[PDB]
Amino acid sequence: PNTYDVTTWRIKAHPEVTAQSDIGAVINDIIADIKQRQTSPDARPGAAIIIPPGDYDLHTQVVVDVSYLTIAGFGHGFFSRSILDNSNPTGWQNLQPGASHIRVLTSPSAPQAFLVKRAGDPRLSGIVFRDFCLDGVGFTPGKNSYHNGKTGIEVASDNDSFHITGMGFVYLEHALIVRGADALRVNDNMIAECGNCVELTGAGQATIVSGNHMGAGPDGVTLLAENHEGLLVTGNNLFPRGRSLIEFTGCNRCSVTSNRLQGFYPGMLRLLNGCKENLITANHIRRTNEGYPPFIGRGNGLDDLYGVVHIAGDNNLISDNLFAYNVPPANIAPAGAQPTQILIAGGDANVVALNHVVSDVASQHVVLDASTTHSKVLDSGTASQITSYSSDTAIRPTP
């Protein structure tokens, strides 16, 4: 009851249109049957759509407008298309992603493989996307462009209690997008080799993003949050080459703790457009130079004075973090300049304590620009590893 398997469900008016040829069409017809059956606002339990291990083409965009809809598979089936595209495939035993593998072949007019949205009142709630694979197949024009105009899962209407777990996103310009997320949970996912990984736009409340593996694109974001409050970002392993790895714009009282960050460019952690009262602590932050040839020489347009961690806001606490910076003097922007680990761009009352810096070159562990006021820097470097352009800054040397 209320359980479908995409492979057994035939579209009554279109019999040879299978999950293999257009799983998008199949799922839309299943949702149509669900709405068929559950007409009572007091009797709309939802359903579960199971996606068996296999290769499926999605040409038709799926519009999800029923609450408590669960689309689940048996695996994330990640596979590095990046390495395939920059390697010699001869004799290779696998050329593509697996598990419950959905190949997103969407048209410009309907980018998103899955678009969750509904008008009217009750906001959509309890939708679960899990254990399956969304593959963008390839990048266009350049095979290493991270561009292709496709999106995996996009939530455009205010939603409550959404759950996104065990997924596999690969080669999508935008993997996951969620606007107006409330009590959202994104955990235990593998999102990589995407232009953008997770985008929490609009605004948000009490959202949790943990246990995830993410890697974005030079012109994209890894984790982006817009006007969020109560966001918890923890236990994630964010690796190479978003323009940033964690980027908050105007979020307040959020927390970024117990994470592993590795980037090849300036500004891996960004608190922009006045983020207030956030906690960034117990994270491992490592900045280094791009090591895979296909991408050598590419950047995010920022120089090393932007800072590995860029803060623009008030009362944020950046502490108990370990900074490992290894970058060739020759790749450092501007020539002759000392890399900045933590830049307090503007804002009042920011506090920077117990931040260990390890760098191959002379570096300013903390820089407080002339816009800042009443900043606090404790045990984050010797007096000559700290630059204060303000005069009310209180500094305490790491002995």
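So that there is no doubt, residue numbering starts at 1 and follows the sequence shown.
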Query raised in the report: Out of 307-315 and 117-125, which stretch has the higher average CA B-factor listed in the record?
Result: 117-125
Query - Between 327-335 and 31-39 (mean CA B-factor, as deposited), the higher - result: 327-335
Requested in this report: Determine which member of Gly142, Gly263, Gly152, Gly73 has the highest CA B-factor, using the values in the deposited entry.
Outcome: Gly142
Report summary line: Based on the PDB entry, the highest CA temperature factor among the options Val361, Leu58, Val351, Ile342 is that of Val361
**Report entry** CA B-factor placement of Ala225, once the chain's modelled residues are sorted into thirds
**Finding:** lowest
Query - Modelled-residue ranking by C-alpha temperature factor, third containing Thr234 - result: lowest
Requested in this report: Would you mind ranking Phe78 by its C-alpha B-factor against the rest of the chain and naming the third, lowest, middle or highest?
Outcome: middle
Query raised in the report: Should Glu277 be placed in the lowest, middle or highest third of its chain by the C-alpha B factor in the entry?
Result: lowest
Report task. Ordered by C-alpha B-factor within the chain, which third holds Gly180? Give me lowest, middle or highest, please. Result -> lowest
